[PDB]
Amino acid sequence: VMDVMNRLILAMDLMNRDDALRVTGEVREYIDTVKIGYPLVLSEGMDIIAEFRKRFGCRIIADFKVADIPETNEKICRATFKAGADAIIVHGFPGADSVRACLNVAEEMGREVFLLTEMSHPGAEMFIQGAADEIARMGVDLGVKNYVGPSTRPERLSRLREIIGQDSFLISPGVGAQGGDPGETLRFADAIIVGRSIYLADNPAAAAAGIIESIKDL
């Protein structure tokens, strides 16, 4: 599995190139893994991935929550890996064929797929939660090794961990801004994803240092 420095992944969702670069560079010493999503990519272009690689020695996870039909998923994955992303996050709710398509491209292109089972926001309780256990089981049966679960619902994250086993890799968003706690989340997740709590702080570096200090024993 990827070796995430300090078990902390930066969710760089600022939508300005200069601000995104400035902030990421300031926390550079505490993180070696950055999660880039559509807010930044649709504002600055996929070339932002290469720029982060050039400026920082950071691993890139594209949080695109792929959720299309199989054929389209393949194209999305190919475009994303061509851009230099190390891994891509895919939605499990659209079913096995859609996930398999992503795994096929990842295998062919030598990259990784992360399966998003249950989401962290309140609305996730409406339809995703009830299917999350089966989505995880589906992922396990498909050979998925990397997963995404909610920091906001410890009991759910714990169940996800059980389903995928200790060997699987698990990252979890919803820490900070959404209410999740760093330490509690790392009881089940291999690494935590943190966005606003860091990038909106007056001193992003200090915010990141503070989070790491709080989980030092972990």
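Heads up, when I say rigid core I mean the largest set of C-alphas that superpose within 1.5 Å between the two forms. Numbers for residues come from their place in the sequence shown, where the first is 1.
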Exercise. Which stretch is more displaced from the shown form in 6 other deposited structures of this protein, 161-169 or 51-59, with RMS over structures and residues of Cα positions after a rigid core fit?
Worked result: 51-59
Exercise. Mean C-alpha B-factor higher for 18-26, or for 206-214?
Worked result: 206-214
Exercise. Got a sec? Mean C-alpha B-factor, which is higher, 28-36 or 62-70?
Worked result: 28-36
Seminar exercise, completed: Among 186, 163, 41, 170, the highest C-alpha B-factor in the PDB entry belongs to 186
Exercise. Mind checking which third residue 112 falls in for C-alpha B-factor across the chain?
Worked result: highest
Seminar exercise, completed: residue 80: C-alpha B-factor third of its chain, per the entry, is the middle
For this session: Would you mind ranking residue 120 by its C-alpha B-factor against the rest of the chain and naming the third, lowest, middle or highest?
Result: lowest
Exercise. Hey, what third does residue 174 fall into on Cα B-factor, ranked over its chain?
Worked result: middle
Problem set entry | Third of the chain, ranked by Cα B-factor, where residue 146 sits | lowest
